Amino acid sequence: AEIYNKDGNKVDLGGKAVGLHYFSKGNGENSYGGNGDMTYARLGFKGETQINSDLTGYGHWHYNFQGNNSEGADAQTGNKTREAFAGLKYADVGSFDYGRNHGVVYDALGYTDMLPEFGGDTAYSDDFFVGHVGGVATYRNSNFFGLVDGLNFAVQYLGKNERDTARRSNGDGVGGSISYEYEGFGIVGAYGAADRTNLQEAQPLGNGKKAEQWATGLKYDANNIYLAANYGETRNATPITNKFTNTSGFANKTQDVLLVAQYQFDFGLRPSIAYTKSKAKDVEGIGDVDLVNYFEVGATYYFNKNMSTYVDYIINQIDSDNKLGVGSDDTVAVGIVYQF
């Protein structure tokens, strides 16, 4: 929502309130998504300034406030900055920005990230190139220098983030993505490799001096249909946890498959079906083990551009004897969303 537009600078304030509850069998400790209150809220701004006829500068900030916490010590659990960056965009040259932003491999994994609540399981945060990561300098080019419409690409430099935990750390890396869009279809591929930190190497699970993440994707977004498919492969990058021996690390190799189909009815109801399967391989002590494996059946009711209800059902196919202890129960999310 544009709240300022004077003297060649415009600022949009964005926010949503999401009333959200998850339902699962017991405590939800052996379920896909958990059990209980998951209400959150989001606030941010997006400003673009016209420096000259060809040059424009921008900045985005986006923050998540959890409303499912109390007023005691747990008051901040889940609060985080999603995105926070600035950059410059010139004519038909491209754009450059640095900050906390989407990894370039999310240019591909975003195709199947359309479920009312869930989906996009492989797009972990603070995981190199698949999700929101800190310290990324990203060059992007749309319409290939204004010569070929629909043909976009991007190159990204990931800065080293040596943090307290191996889960949220990374070393230097490079990545890129190419995409084409024609008459309703979009195809995309993205790749990224980076150095691992010593602390990551020192974990039980995962072994290798380099992490690697790539993925392809196809989508059809027209005539009220949304159909998409993603395939991705990772090396030493997907974060895993053994809930039995209570160790953590990274999967030496994962094969990721995400499918999704939605139809948008005129009167606002948007049903969806989806498949998601992530298989880890060469896991220390375990061997092969599935991380994610479900079918999804859901629907969102759009009242208008500002209000929506949704239900999302996960038919979890993960077996009860999963070697890594991955939860095997189903989970249902029921949501009510005000956004501007």
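Residue numbers run from 1 along the displayed sequence.
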Of 23-31 and 36-44, which one has the bigger average CA B-factor? 23-31
Averaging only over Cα atoms, indicate whether 214-222 or 200-208 has the higher B-factor in the PDB entry. 200-208
Of the options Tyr263, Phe85, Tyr90, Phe129, which has the highest CA B factor as deposited? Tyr90
Which of these, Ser179, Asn79, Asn230, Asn236, has its C-alpha atom at the highest B-factor, as the entry lists it? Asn236
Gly325's Cα B-factor: lowest, middle or highest third of the chain? highest
Chain-wide C-alpha B factor ranking for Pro271, given as lowest, middle or highest third: lowest
Where does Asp74 sit by CA temperature factor within its chain: lowest, middle or highest third? highest
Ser278 by Cα B-factor - lowest, middle or highest third of the modelled chain: middle
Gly94: CA temperature factor from the record, placed by chain third, in the highest
